[PDB]
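First the structure, in the form of C-alpha cells, and then the observations on it.
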Amino acid sequence: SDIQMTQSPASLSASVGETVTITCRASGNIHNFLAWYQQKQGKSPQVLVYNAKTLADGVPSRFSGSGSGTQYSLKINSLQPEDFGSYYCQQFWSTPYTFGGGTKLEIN
Amino acid sequence: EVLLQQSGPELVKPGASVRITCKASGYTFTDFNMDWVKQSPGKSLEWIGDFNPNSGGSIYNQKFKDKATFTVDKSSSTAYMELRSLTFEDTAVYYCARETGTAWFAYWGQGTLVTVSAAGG
Amino acid sequence: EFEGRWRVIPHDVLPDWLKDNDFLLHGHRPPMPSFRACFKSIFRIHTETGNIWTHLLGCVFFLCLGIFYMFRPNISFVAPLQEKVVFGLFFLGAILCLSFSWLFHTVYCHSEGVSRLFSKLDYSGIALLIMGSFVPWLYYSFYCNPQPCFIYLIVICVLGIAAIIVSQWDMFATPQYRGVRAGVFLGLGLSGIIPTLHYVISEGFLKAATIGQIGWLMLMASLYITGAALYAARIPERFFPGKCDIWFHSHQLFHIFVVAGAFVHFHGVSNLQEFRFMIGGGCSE
Ligand SMILES: CCCCCCCC/C=C/CCCCCCCC(=O)OC[C@@H](O)CO
Ligand SMILES: CCCCCCCC/C=C\CCCCCCCC(=O)OC[C@@H](O)CO
Ligand SMILES: CCCCCCCC/C=C\CCCCCCCC(=O)OC[C@@H](O)CO
Ligand SMILES: CCCCCCCC/C=C\CCCCCCCC(=O)OC[C@@H](O)CO
Ligand SMILES: CCCCCCCC/C=C\CCCCCCCC(=O)OC[C@@H](O)CO
Ligand SMILES: CCCCCCCC/C=C\CCCCCCCC(=O)O
Ligand SMILES: [Zn+2]
C-alpha cells in the first residue's frame, strides 16, 4: 500500500464545449509512469493517456496529459456528450500499482 | 485486434472459491504481463497483482496475497485468477488488464461480476 | 527492485518514434519516461545493450588513452605543445562521439523529445570524430607545407559543419534516410582522398607507400566502406530477421567498426609522430 494516488475533484459537472482539469497527486515521485482511464457506466475502463503525456491510439486530441514528479493532470478540452464517466489516474512506477479514487464527470 | 474475454458472472456462497477466466487473443500471449484488477461496487479500482506468462512469475499486492492465486494455460492463451474463502467484501467486478512493457493497460476484459450471497443458505 | 519494472516488447507494439529497424523483431525497451529507468536499463538485455556497452567502454578507453597521451614526457615529441593540441583535438572528437553515442542509445526509449535531442547529438558526434581525426593527420602529412595543411583543415571543417547542420534536420533521422546518412558520413571520411592525392602527387609514390600511409589509408577506407555498407543494408539481420535482436545486428557491428576505426587511425597518426620524432622537426628534402 505504498504510493497513494490522490485524485481531485472527486466529482464535477460541466457543459459540452467547456474545458475540465482533473489533477492527480502521488505520495512519492512516480517518474511520469502515470496513466489515465475513462470508464463508462457498466463498462470496463479504457486508457486515455499513458507515460504521463502520451495520448493513446484512437483517443481524441481533446484529451491531454501533463505533469511530472508527484503532480499530474488530465485536461479535457471542448467536452463532448460521450465524455461522461469515471476518470482514474494510475501509477505503475512502484509495486503495488495504485489508482486514484476516481472523478465522476457529469455533462450538462 | 486484441481481445480479452472473461468468463460469465458468479453468484456464490460465502467460503466458496471462484476461478475467473481470461482468454487472450490477437497477440502472442507470452509477450506481455497480464494484471488483475478489482472494483468493488461504486468504488475505485484496486490492483490485485500481475502475472508473467512467459516466466510464470506472479507479483501480488499484499492486500490480496492470501485471497488471489494467478495461474495460466499458455497452450490455450488464457490467464486465470482463483479467489479463495469468499466473503461479502469480495463482491466486485474483476478485470484482467494487459500490460505493454510497462504496467499501463491498453487492453481490458469486460469484467466478471462475483456476488457473494448467503440468500440460499 | 520493485521500481520501474519493465519487459521487452515486439517491434509492432513500439510507438513510431522508436520503430527504426523492422528486422529487430523482439527485445525492445518499451517507451519509459524515466532517466532512472533508462540508465538502469544499461544493466539489462535488450536491442540496445551491445550498442550501449561498445561505446560506453570505448568512451572510457579513449578518455584513458587521452589522459595518458597528455602526460607523456615532452622529451618524446618534436613540438610537445602543438603535437598534444592536435592529438587532443582527435581525442576530444573520439570521446564526444562515443559519449553522445552511448548517451543517446541509453536515453533513446525515454520520450520522443529526448530521443530527437540525443539523435541530433549522436549524428553530430560522428562529424566531430571525422573532423577531429583529420587534425593530427593533416598536421604530420603536410608538416612542411603549411598552406595545403591549412586549406584541408578548412575544407574538413566546412564539410563537417555542413554534416552537423544536415544531421539537425528532422527528415534525416527517418529510416528511409538511412542510406542518405550513410552517404553523408561516408563522403565526409572519404573526402580524405583529396589531401591524399595532393600528398602522393607532391611527395611521391615510393615516399607515400614506404612510410606506410598508403596501406594504412586503404585499411581506413575499407573500414569506412564496410562500416557504411553494413549500416545501410542492415546486414546480417536483413538475412536472419529475429535472430540478431540482441547480438551482432548491423548497428552493433557498426559501433565496433567506429571504436576499431578510431584505434587504427590513432595507431596510424601515432606512428607518424614517432617518425617525425626520429627525423626531427625541420625540412632538408
Ligand atoms: C555524461 C557523463 C556521465 C553521466 C552519468 C550517468 C548518470 C547516472 C544516472 C542517471 C539517472 C538519474 C535520475 C534522473 C531522473 C530520474 C527519472 C526522472 O525523470 O525523474 C525525474 C522526475 O522528477 C520526473 O517525474
Ligand atoms: C575499457 C578500457 C579501459 C582501460 C584503460 C584504457 C587503456 C589504457 C590506455 C592507455 C595507456 C598508455 C600508457 C602509456 C602512455 C602514457 C605515458 C605516461 O607517461 O603517462 C603518465 C601516466 O602516469 C598518466 O596517468
Ligand atoms: C574548439 C572547436 C570546437 C570543439 C567543441 C565542440 C563540442 C561539440 C559541439 C557541438 C555538437 C553538436 C551540437 C548540435 C546541437 C545539439 C542538438 C540540438 O540542437 O538539439 C535541439 C533539441 O531541442 C532537439 O530536440
Ligand atoms: C579517419 C580518416 C583517415 C584519413 C582519411 C582517409 C580517407 C581515405 C583516403 C584515401 C583512400 C585510400 C588510399 C588511396 C591512395 C591513393 C594513391 C595510390 O593509388 O597509391 C597507390 C600506390 O601503390 C602508389 O605508389
Ligand atoms: C561504395 C559502396 C559502399 C556502401 C555504401 C552504402 C550506403 C549507400 C547505399 C545506398 C543509398 C540508398 C539511397 C536511397 C535510399 C532509399 C531508402 C529506402 O527505401 O530504404 C529501404 C530500406 O530497406 C533500407 O533503409
Ligand atoms: C576514425 C574513423 C572511424 C571510421 C570507422 C567507421 C566507418 C563508418 C563511417 C561512416 C558511415 C556512418 C553511417 C551511420 C550514421 C549514423 C550511425 C549511428 O547513429 O551510430
Ligand atoms: Zn549508434
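Chains: A, B, ... in order of the C-alpha cells. Residues: from 1 per chain. Ligands: from 1, in order shown.
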
Surrounding residues as number ranges by chain, ligand 7, max 8 Å, only C-alpha atoms and all ligand atoms: C: 51, 101-102, 104-105, 122, 251-252, 254-255

File of the preceding selection, N, CA and C atoms, as a CSV table (one decimal), in the first residue's frame:
chain,number,residue,atom,x,y,z
C,51,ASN,N,25.0,-1.9,-28.2
C,51,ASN,CA,25.2,-0.5,-28.7
C,51,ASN,C,25.7,0.4,-27.6
C,101,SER,N,27.0,9.1,-28.3
C,101,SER,CA,26.6,7.8,-28.8
C,101,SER,C,26.0,6.9,-27.7
C,102,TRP,N,26.7,6.5,-26.6
C,102,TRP,CA,26.1,5.7,-25.6
C,102,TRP,C,25.1,6.4,-24.8
C,104,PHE,N,22.8,8.7,-26.1
C,104,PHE,CA,21.7,8.5,-27.0
C,104,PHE,C,21.0,7.1,-26.9
C,105,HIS,N,21.8,6.1,-27.1
C,105,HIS,CA,21.3,4.7,-27.0
C,105,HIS,C,20.7,4.3,-25.7
C,122,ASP,N,24.0,12.5,-31.5
C,122,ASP,CA,24.7,11.2,-31.9
C,122,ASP,C,25.3,11.4,-33.3
C,251,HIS,N,23.8,-2.3,-36.5
C,251,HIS,CA,24.2,-1.1,-35.7
C,251,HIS,C,25.2,-1.5,-34.6
C,252,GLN,N,25.0,-2.7,-34.1
C,252,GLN,CA,26.0,-3.2,-33.1
C,252,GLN,C,27.4,-3.4,-33.8
C,254,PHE,N,28.4,-2.0,-36.4
C,254,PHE,CA,28.9,-0.6,-36.8
C,254,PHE,C,29.6,0.0,-35.7
C,255,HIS,N,29.0,0.0,-34.4
C,255,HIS,CA,29.6,0.5,-33.2
C,255,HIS,C,31.0,0.0,-33.0

Neighbourhood of ligand 3 at 8 Å, counting only C-alpha atoms and all ligand atoms, reported as a ChimeraX atom specification: /C:89,92-93,96,113-121,124-125,128,164-165,168

Within 9 Å of ligand 4 (only C-alpha atoms and all ligand atoms), residues as an MDAnalysis selection string: chainID C and resid 129:134 137:138 188:197 199:201 204:210 213:222 224 261:262 264:266 268

All strand (DSSP E or B) positions in range 3-100 of chain A, as number ranges by chain: A: 5-8, 11-14, 20-26, 34-39, 46-50, 54-55, 63-68, 71-76, 85-91, 94, 98-99

Can you write just those residues out, N, CA and C atoms, as a compact mmCIF listing (two decimals), in the first residue's frame?
# COMPACT_ATOMS: atom_id res chain seq x y z
N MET A 5 -2.46 7.59 -4.45
CA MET A 5 -2.85 8.43 -5.58
C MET A 5 -4.06 9.26 -5.19
N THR A 6 -3.93 10.59 -5.24
CA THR A 6 -4.99 11.48 -4.80
C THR A 6 -5.58 12.23 -5.96
N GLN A 7 -6.77 11.83 -6.34
CA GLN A 7 -7.48 12.47 -7.43
C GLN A 7 -8.36 13.65 -6.97
N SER A 8 -8.50 14.68 -7.81
CA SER A 8 -9.26 15.88 -7.45
C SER A 8 -9.73 16.64 -8.71
N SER A 11 -15.68 14.74 -7.96
CA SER A 11 -16.71 14.79 -8.96
C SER A 11 -16.88 16.21 -9.48
N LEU A 12 -17.44 16.33 -10.69
CA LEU A 12 -17.73 17.61 -11.29
C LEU A 12 -18.69 17.50 -12.45
N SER A 13 -19.47 18.55 -12.68
CA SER A 13 -20.38 18.59 -13.80
C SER A 13 -20.11 19.85 -14.60
N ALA A 14 -19.82 19.72 -15.90
CA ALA A 14 -19.59 20.85 -16.79
C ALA A 14 -20.47 20.68 -18.06
N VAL A 20 -12.27 20.86 -18.83
CA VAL A 20 -12.14 20.45 -17.44
C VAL A 20 -10.72 20.02 -17.15
N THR A 21 -10.31 20.10 -15.88
CA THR A 21 -9.00 19.63 -15.46
C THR A 21 -9.09 18.78 -14.21
N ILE A 22 -8.66 17.52 -14.32
CA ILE A 22 -8.59 16.58 -13.21
C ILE A 22 -7.14 16.49 -12.80
N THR A 23 -6.83 16.70 -11.52
CA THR A 23 -5.46 16.60 -11.04
C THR A 23 -5.22 15.32 -10.23
N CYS A 24 -4.00 14.82 -10.27
CA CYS A 24 -3.59 13.65 -9.51
C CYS A 24 -2.32 14.00 -8.77
N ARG A 25 -2.22 13.58 -7.51
CA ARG A 25 -1.03 13.82 -6.72
C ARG A 25 -0.56 12.48 -6.16
N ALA A 26 0.71 12.15 -6.34
CA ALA A 26 1.26 10.92 -5.82
C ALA A 26 1.96 11.19 -4.48
N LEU A 34 2.63 7.33 -15.14
CA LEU A 34 1.25 7.59 -14.82
C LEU A 34 0.38 7.36 -16.07
N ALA A 35 -0.84 6.84 -15.85
CA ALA A 35 -1.81 6.63 -16.91
C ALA A 35 -3.17 7.15 -16.47
N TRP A 36 -4.01 7.55 -17.39
CA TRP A 36 -5.38 7.99 -17.13
C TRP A 36 -6.31 7.04 -17.92
N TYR A 37 -7.49 6.77 -17.35
CA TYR A 37 -8.50 5.87 -17.89
C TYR A 37 -9.85 6.52 -17.80
N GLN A 38 -10.69 6.28 -18.79
CA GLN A 38 -12.07 6.72 -18.75
C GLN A 38 -12.89 5.44 -18.59
N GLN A 39 -13.92 5.47 -17.76
CA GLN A 39 -14.78 4.34 -17.54
C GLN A 39 -16.24 4.72 -17.65
N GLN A 46 -10.92 2.25 -20.10
CA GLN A 46 -10.18 2.37 -21.32
C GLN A 46 -9.11 3.40 -21.16
N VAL A 47 -7.88 3.08 -21.57
CA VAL A 47 -6.77 4.01 -21.42
C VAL A 47 -6.91 5.26 -22.30
N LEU A 48 -6.68 6.46 -21.69
CA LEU A 48 -6.70 7.74 -22.42
C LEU A 48 -5.28 8.22 -22.74
N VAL A 49 -4.46 8.38 -21.68
CA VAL A 49 -3.11 8.93 -21.67
C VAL A 49 -2.21 8.01 -20.83
N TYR A 50 -1.02 7.67 -21.31
CA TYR A 50 -0.10 6.80 -20.59
C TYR A 50 1.30 7.43 -20.63
N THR A 54 1.60 10.77 -23.04
CA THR A 54 1.38 10.11 -24.31
C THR A 54 -0.10 9.72 -24.51
N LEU A 55 -0.69 10.34 -25.51
CA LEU A 55 -2.05 10.14 -25.94
C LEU A 55 -2.19 8.73 -26.60
N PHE A 63 -8.19 15.25 -25.28
CA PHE A 63 -7.57 14.76 -24.05
C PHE A 63 -6.06 15.08 -24.10
N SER A 64 -5.53 15.62 -23.01
CA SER A 64 -4.11 15.92 -22.91
C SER A 64 -3.60 15.63 -21.50
N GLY A 65 -2.51 14.89 -21.41
CA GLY A 65 -1.89 14.60 -20.14
C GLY A 65 -0.74 15.56 -19.92
N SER A 66 -0.51 15.95 -18.67
CA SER A 66 0.57 16.86 -18.32
C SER A 66 1.02 16.63 -16.88
N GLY A 67 2.18 17.14 -16.53
CA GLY A 67 2.71 16.98 -15.18
C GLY A 67 4.02 16.22 -15.10
N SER A 68 4.55 16.13 -13.88
CA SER A 68 5.84 15.50 -13.58
C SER A 68 5.99 15.27 -12.04
N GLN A 71 2.98 15.53 -9.29
CA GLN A 71 1.78 16.28 -9.67
C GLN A 71 1.43 16.19 -11.15
N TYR A 72 0.40 15.42 -11.48
CA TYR A 72 -0.06 15.15 -12.84
C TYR A 72 -1.46 15.69 -13.12
N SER A 73 -1.78 15.91 -14.38
CA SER A 73 -3.05 16.50 -14.78
C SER A 73 -3.63 15.92 -16.06
N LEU A 74 -4.97 15.86 -16.11
CA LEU A 74 -5.70 15.43 -17.28
C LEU A 74 -6.58 16.60 -17.63
N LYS A 75 -6.45 17.10 -18.84
CA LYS A 75 -7.26 18.21 -19.33
C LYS A 75 -8.16 17.72 -20.48
N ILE A 76 -9.47 17.93 -20.36
CA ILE A 76 -10.39 17.61 -21.42
C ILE A 76 -10.84 18.92 -22.06
N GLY A 85 -18.56 9.97 -17.48
CA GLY A 85 -18.00 8.73 -16.97
C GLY A 85 -17.10 8.95 -15.78
N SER A 86 -16.39 7.89 -15.37
CA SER A 86 -15.46 7.98 -14.26
C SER A 86 -14.04 8.01 -14.81
N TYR A 87 -13.22 8.90 -14.28
CA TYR A 87 -11.86 9.07 -14.72
C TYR A 87 -10.95 8.63 -13.63
N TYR A 88 -9.91 7.88 -13.96
CA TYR A 88 -8.99 7.34 -12.97
C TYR A 88 -7.52 7.56 -13.37
N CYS A 89 -6.68 8.00 -12.43
CA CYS A 89 -5.24 8.04 -12.69
C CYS A 89 -4.65 6.72 -12.11
N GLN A 90 -3.45 6.36 -12.54
CA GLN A 90 -2.83 5.12 -12.08
C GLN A 90 -1.29 5.27 -12.13
N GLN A 91 -0.57 4.75 -11.14
CA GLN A 91 0.88 4.79 -11.15
C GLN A 91 1.36 3.38 -11.36
N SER A 94 5.95 1.99 -8.93
CA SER A 94 6.33 1.02 -7.89
C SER A 94 5.16 0.08 -7.51
N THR A 98 -1.18 1.55 -8.01
CA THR A 98 -2.34 2.15 -7.36
C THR A 98 -3.10 3.08 -8.29
N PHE A 99 -4.36 3.23 -8.01
CA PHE A 99 -5.23 4.09 -8.77
C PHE A 99 -5.73 5.22 -7.91

Distance filter 8 Å around ligand 1, atoms: only C-alpha atoms and all ligand atoms, out as a PyMOL selection string: (chain A and resi 29-33+67-70) or (chain C and resi 33-40+99+103)

Among listed residues A:53, A:62, A:43, A:104, nearest chain B (using only C-alpha atoms): A:43

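For the pair CA of residue 234 in chain C and CA of residue 61 in chain C, the separation is 27.1 Å.
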
Please tabulate, as CSV, the residues of chain C that come within 7 Å of ligand 5, each with its closest pair of atoms and the distance in Å to one decimal, counting only C-alpha atoms and all ligand atoms and ordering rows by chain, then residue number upward.
residue,atom,partner,partner_atom_place_in_ligand_line,distance
C:175,CA,ligand 5,25 (O),5.5
C:176,CA,ligand 5,17 (C),4.1
C:177,CA,ligand 5,17 (C),5.8
C:178,CA,ligand 5,25 (O),5.1
C:179,CA,ligand 5,11 (C),3.9
C:180,CA,ligand 5,13 (C),5.8
C:182,CA,ligand 5,7 (C),4.9
C:183,CA,ligand 5,7 (C),5.3
C:225,CA,ligand 5,3 (C),4.6
C:226,CA,ligand 5,3 (C),6.5
C:228,CA,ligand 5,6 (C),5.2
C:229,CA,ligand 5,4 (C),3.9
C:232,CA,ligand 5,7 (C),5.1
C:233,CA,ligand 5,24 (C),6.2

Using the selection just defined, write its residues with C-alpha atoms as a compact mmCIF listing (two decimals), in the first residue's frame.
# COMPACT_ATOMS: atom_id res chain seq x y z
CA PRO C 175 14.52 5.10 -41.55
CA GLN C 176 14.13 5.94 -45.25
CA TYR C 177 17.10 8.40 -44.96
CA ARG C 178 19.39 5.60 -43.61
CA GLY C 179 21.42 5.43 -46.86
CA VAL C 180 21.47 9.28 -47.01
CA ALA C 182 25.47 6.51 -44.63
CA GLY C 183 26.39 8.59 -47.73
CA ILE C 225 33.08 1.50 -46.86
CA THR C 226 32.44 -1.82 -44.92
CA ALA C 228 28.71 2.18 -44.08
CA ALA C 229 27.63 -0.91 -46.13
CA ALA C 232 22.98 1.00 -44.71
CA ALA C 233 21.90 -2.53 -45.78

Would you tabulate, counting only C-alpha atoms, all residues of chain B that have an atom at most 10 Å from an atom of chain A, showing the closest pair of atoms and their distance in Å to one decimal, sorted by chain then ascending number, as a Markdown table?
| residue | atom | partner | partner_atom | distance |
| --- | --- | --- | --- | --- |
| B:43 | CA | A:101 | CA | 7.6 |
| B:44 | CA | A:101 | CA | 5.1 |
| B:45 | CA | A:99 | CA | 6.1 |
| B:46 | CA | A:98 | CA | 6.6 |
| B:47 | CA | A:97 | CA | 6.0 |
| B:48 | CA | A:96 | CA | 8.3 |
| B:49 | CA | A:96 | CA | 7.5 |
| B:50 | CA | A:96 | CA | 9.4 |
| B:59 | CA | A:95 | CA | 8.4 |
| B:60 | CA | A:96 | CA | 7.8 |
| B:61 | CA | A:96 | CA | 5.4 |
| B:62 | CA | A:1 | CA | 7.9 |
| B:63 | CA | A:1 | CA | 7.9 |
| B:93 | CA | A:44 | CA | 9.3 |
| B:94 | CA | A:44 | CA | 9.8 |
| B:95 | CA | A:44 | CA | 7.8 |
| B:96 | CA | A:44 | CA | 10.0 |
| B:97 | CA | A:45 | CA | 9.4 |
| B:102 | CA | A:92 | CA | 7.2 |
| B:103 | CA | A:92 | CA | 5.4 |
| B:104 | CA | A:35 | CA | 6.1 |
| B:105 | CA | A:47 | CA | 6.4 |
| B:106 | CA | A:47 | CA | 5.6 |
| B:107 | CA | A:46 | CA | 7.5 |
| B:108 | CA | A:44 | CA | 6.7 |
| B:109 | CA | A:44 | CA | 6.9 |
| B:110 | CA | A:44 | CA | 5.4 |
| B:111 | CA | A:44 | CA | 6.5 |

At most 10 Å to chain C: residues in chain B, only C-alpha atoms, as an NGL selection string: :B and (28 or 31-33 or 52 or 59 or 99-103)

Take the residues from that selection and write them out as a PDB file, in the first residue's frame, keeping N, CA, C and O atoms.
ATOM      1  N   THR B  28       0.736 -12.418 -29.251  1.00  0.00           N
ATOM      2  CA  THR B  28       1.455 -13.559 -28.683  1.00  0.00           C
ATOM      3  C   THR B  28       1.363 -13.483 -27.173  1.00  0.00           C
ATOM      4  O   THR B  28       2.043 -12.665 -26.526  1.00  0.00           O
ATOM      5  N   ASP B  31       4.118 -12.620 -24.633  1.00  0.00           N
ATOM      6  CA  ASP B  31       4.839 -11.350 -24.815  1.00  0.00           C
ATOM      7  C   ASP B  31       4.548 -10.267 -23.743  1.00  0.00           C
ATOM      8  O   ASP B  31       5.366  -9.341 -23.572  1.00  0.00           O
ATOM      9  N   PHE B  32       3.377 -10.339 -23.057  1.00  0.00           N
ATOM     10  CA  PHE B  32       3.033  -9.273 -22.111  1.00  0.00           C
ATOM     11  C   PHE B  32       2.531  -9.763 -20.785  1.00  0.00           C
ATOM     12  O   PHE B  32       1.912 -10.826 -20.706  1.00  0.00           O
ATOM     13  N   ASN B  33       2.771  -8.972 -19.728  1.00  0.00           N
ATOM     14  CA  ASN B  33       2.217  -9.339 -18.429  1.00  0.00           C
ATOM     15  C   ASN B  33       0.724  -9.086 -18.427  1.00  0.00           C
ATOM     16  O   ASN B  33       0.235  -8.149 -19.078  1.00  0.00           O
ATOM     17  N   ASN B  52       3.235 -12.993 -15.159  1.00  0.00           N
ATOM     18  CA  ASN B  52       4.112 -13.067 -16.335  1.00  0.00           C
ATOM     19  C   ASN B  52       3.910 -14.438 -16.980  1.00  0.00           C
ATOM     20  O   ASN B  52       4.324 -15.418 -16.379  1.00  0.00           O
ATOM     21  N   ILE B  59       3.317 -11.379  -9.046  1.00  0.00           N
ATOM     22  CA  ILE B  59       3.577 -10.399  -8.007  1.00  0.00           C
ATOM     23  C   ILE B  59       2.211 -10.037  -7.510  1.00  0.00           C
ATOM     24  O   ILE B  59       1.383  -9.589  -8.292  1.00  0.00           O
ATOM     25  N   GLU B  99      -0.591  -5.556 -19.842  1.00  0.00           N
ATOM     26  CA  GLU B  99       0.486  -4.565 -19.898  1.00  0.00           C
ATOM     27  C   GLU B  99       1.078  -4.479 -21.326  1.00  0.00           C
ATOM     28  O   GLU B  99       0.741  -5.272 -22.195  1.00  0.00           O
ATOM     29  N   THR B 100       1.954  -3.515 -21.572  1.00  0.00           N
ATOM     30  CA  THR B 100       2.691  -3.388 -22.826  1.00  0.00           C
ATOM     31  C   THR B 100       4.078  -2.953 -22.436  1.00  0.00           C
ATOM     32  O   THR B 100       4.406  -1.772 -22.572  1.00  0.00           O
ATOM     33  N   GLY B 101       4.880  -3.867 -21.885  1.00  0.00           N
ATOM     34  CA  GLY B 101       6.229  -3.496 -21.433  1.00  0.00           C
ATOM     35  C   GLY B 101       6.225  -2.913 -20.028  1.00  0.00           C
ATOM     36  O   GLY B 101       6.935  -3.396 -19.154  1.00  0.00           O
ATOM     37  N   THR B 102       5.456  -1.836 -19.809  1.00  0.00           N
ATOM     38  CA  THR B 102       5.231  -1.241 -18.507  1.00  0.00           C
ATOM     39  C   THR B 102       3.722  -1.460 -18.170  1.00  0.00           C
ATOM     40  O   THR B 102       2.915  -1.850 -19.025  1.00  0.00           O
ATOM     41  N   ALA B 103       3.345  -1.233 -16.907  1.00  0.00           N
ATOM     42  CA  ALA B 103       2.021  -1.573 -16.418  1.00  0.00           C
ATOM     43  C   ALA B 103       0.964  -0.506 -16.602  1.00  0.00           C
ATOM     44  O   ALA B 103       0.186  -0.227 -15.717  1.00  0.00           O
TER      45      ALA B 103
END

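Across the model, the gap from CA of residue 71 in chain B to CA of residue 1 in chain C is 23.5 Å.
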
Residues within 6 Å of ligand 2, counting only C-alpha atoms and all ligand atoms, as JSON, numbers by chain: {"C": [57, 58, 60, 61, 64, 65, 68, 69, 71, 72]}

Per residue of range 1-70 of chain A within 6 Å of range 79-84 of chain A, note the shortest atom pair and the distance in Å to one decimal, counting only C-alpha atoms, and order the rows by chain and increasing residue number, as CSV.
residue,atom,partner,partner_atom,distance
A:16,CA,A:79,CA,4.6
A:17,CA,A:79,CA,4.7
A:18,CA,A:79,CA,5.5

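Interatomic distance, CA of residue 28 in chain A to CA of residue 70 in chain B: 28.4 Å.
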
Distance criterion (only C-alpha atoms): nearest to chain A out of C:112, C:83, C:274, C:48: C:112

Minimum-distance residue to chain A, chosen among C:198, C:55, C:272, C:111 (using only C-alpha atoms): C:111

Minimum-distance residue to chain C, chosen among A:10, A:105, A:59, A:3 (using only C-alpha atoms):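 For chain C, the nearest of the given residues is A:3.
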
Residue contacts of range 9-25 of chain B (7 Å, only C-alpha atoms) excluding same-chain residues fewer than 2 positions away, as a ChimeraX atom specification: /B:2-7,27,29,77-87,96,112-118
